[PDB]
Amino acid sequence: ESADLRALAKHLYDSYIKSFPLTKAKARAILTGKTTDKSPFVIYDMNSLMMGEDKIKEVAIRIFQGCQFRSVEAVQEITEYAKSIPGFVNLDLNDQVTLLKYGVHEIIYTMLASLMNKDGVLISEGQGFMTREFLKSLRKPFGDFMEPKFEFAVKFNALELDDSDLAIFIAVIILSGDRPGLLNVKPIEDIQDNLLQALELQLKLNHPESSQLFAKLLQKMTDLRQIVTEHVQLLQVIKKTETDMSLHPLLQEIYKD
Ligand SMILES: CCCCC/C=C\C=C\[C@@H](O)CCCCCCCC(=O)O
Ligand SMILES: CCCCC/C=C\C=C\[C@@H](O)CCCCCCCC(=O)O
């Protein structure tokens, strides 16, 4: 029954809005100009960065640390969202942990695209905008940190998905039965099956003229895997070049594959 799938799509979108304070709908309103009361302050260099802190220790390190906090906060939002996916909290606790461990960064980059355009990324709940060029000019090895995320976003954003679409896609990512170390794959696959059915119907109804959007979206999951791997390799470099900088415990536990 497509009625049961629509109900599921609704539930997930409702939960998504309740779990993520900054939606794509709001991110785009800020970025496009449906503003006057939502205009962000733009950081494109040092002085503007200094000016930014006023109404929003080398530069690179500070920016990376703030980035760590936001990532940790995002893990929290995603964990809260995960609990609303029917069947998730009823799985073996060890598996719930494994799914989150491997799913959170793929979700972080998927949603990060909502805050990006080819010129930069929204920061601090949308109050600021840091240009891609500025980030690209940070000393090594931080200058190459975000570039791959922007490249992904530019392409991913071309799919023109909205929050109701993303809510289901994110649920699909979390319930991946192929994650390393899963104890009971079957119950997870059965849940993903239902989620895949919901995503398929949603895309057909929400994007009637977008042929094979469903398949094109699932293929993006390959891009997300890639991004994580490179990111991990870059993190390895930072660990060794900055021995005076500390990586957040939660994040360390996540990468401790
Ligand atoms: C140093 C960067 C500061 C970024 C803060 C900007 C937006 C954060 C908003 C969150 O609270 C709730 C929004 C839902 C999470 C999805 C945002 C995209 C992502 O960060 O993965
Ligand atoms: C050093 C470059 C910092 C650029 C920060 C600009 C936008 C960031 C938005 C955040 O929500 C998402 C950033 C996640 C990147 C990785 C964070 C660390 C990690 O979780 O591994």
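Hydrogens, waters and symmetry mates are skipped; everything else that's a heavy atom, side chains included, is used. In listed order, ligands and their atoms are each counted from 1. Start at 1 with the first residue, then count along the sequence.
- Taking a cutoff of 4.0 Å between a charged side-chain nitrogen and a carboxylate oxygen, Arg70 and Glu73 qualify as a salt bridge.
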Candidate pair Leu159 and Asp165, rule side chain to side chain contact (heavy atoms under 4.5 Å, CB included), full reasoning: CA-CA 11 Å; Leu159 295 184; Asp165 298 318; over 6 Å; no
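- A donor and an acceptor atom, one from each side chain of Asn94 and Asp92, are located under 3.5 Å apart.
- Heavy-atom proximity to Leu135, at under 4.0 Å, picks out these atoms of ligand 2: 2 (C), 4 (C).
- At the top of the distance list for atom 13 (C) of ligand 1, counting protein heavy atoms only, stands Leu22 N, 2.9 Å.
- The atoms of ligand 1 that sit less than 4.0 Å from any heavy atom of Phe20 are 14 (C), 15 (C).
- Heavy-atom distances between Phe145 and ligand 2 reach below 4.0 Å in at least one pair.
- In this structure, atom 1 (C) of ligand 1 lies nearest to the protein heavy atom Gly66 O, 4.0 Å.
- Taking 4.0 Å as the cut-off, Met130 does not count as a neighbour of ligand 2 on heavy-atom distance.
- The closest protein non-hydrogen atom to atom 16 (C) of ligand 1 is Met111 CE, 3.3 Å.
- Residue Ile108 holds the heavy atom nearest to atom 21 (O) of ligand 1 of all those in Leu122, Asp163, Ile108, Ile170.
- Both the backbone and the side chain of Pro21 come within 4.0 Å of ligand 1, counting heavy atoms alone.
- Using a 4.0 Å cut-off between charged side-chain N and carboxylate O, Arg225 and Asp178 make a salt bridge.
- Residue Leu115 has no N or O atom closer than 3.5 Å to an N or O atom of ligand 1.
- The closest non-hydrogen atom to atom 19 (C) of ligand 2, taken over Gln68, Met146, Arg62, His231, comes from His231.
- The single protein non-hydrogen atom nearest to atom 2 (C) of ligand 1 is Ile123 CB, 3.9 Å, given as residue, atom name and distance.
- Backbone and side-chain nitrogen or oxygen atoms of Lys149 are examined, and none is located within less than 3.5 angstrom of a nitrogen or oxygen of ligand 2.
- The option from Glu73, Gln127, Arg70 that lies nearest to atom 15 (C) of ligand 1, judged by heavy atoms, is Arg70.
- For the side-chain hydrogen bond (donor to acceptor under 3.5 Å, both in side chains) with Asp14, the lone residue among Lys10, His11, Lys18 that qualifies is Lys18.
- Ring geometry for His105 against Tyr255 counts as tilted: the plane angle lies between 30° and 60°, on a 0 to 90° scale.
- Put simply, the residue from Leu195, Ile107, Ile78, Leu99 that forms a side-chain contact (heavy atoms from CB on, under 4.5 Å) with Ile173 is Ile107.
- The cluster map of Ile, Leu, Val, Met, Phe, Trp and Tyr, joined by side-chain heavy atoms under 4.5 Å apart, puts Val154 and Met111 in different clusters.
- Ranking the protein heavy atoms by distance from atom 11 (O) of ligand 1 puts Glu77 OE2, 3.0 Å first.
- Closest to atom 3 (C) of ligand 2 among all protein heavy atoms lies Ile63 CG2, 3.6 Å.
- For atom 18 (C) of ligand 2, the closest non-hydrogen atom of the protein is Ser71 OG, 3.4 Å.
- Ring geometry for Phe64 against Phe142 counts as tilted: the plane angle lies between 30° and 60°, on a 0 to 90° scale.
- Nearest non-hydrogen protein atom to atom 4 (C) of ligand 1 is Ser124 N, 3.3 Å.
- For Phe152 and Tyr109, the distance between ring centers is not under 6.0 angstrom.
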Residue pair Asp193, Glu189: steps toward the side chain to side chain contact (heavy atoms under 4.5 Å, CB included) verdict: CA-CA 6 Å; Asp193 166 58; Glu189 304 186 323; over 6 Å; no
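- Between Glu125 and ligand 1, a contact under 3.5 Å exists for no N or O pair.
- In summary, the side chains of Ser15 and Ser19 do not present any donor paired with an acceptor at a separation below 3.5 Å, with no hydrogens or angles considered.
- Among all non-hydrogen protein atoms, the one lying nearest atom 9 (C) of ligand 2 is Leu112 CD1, 3.6 Å.
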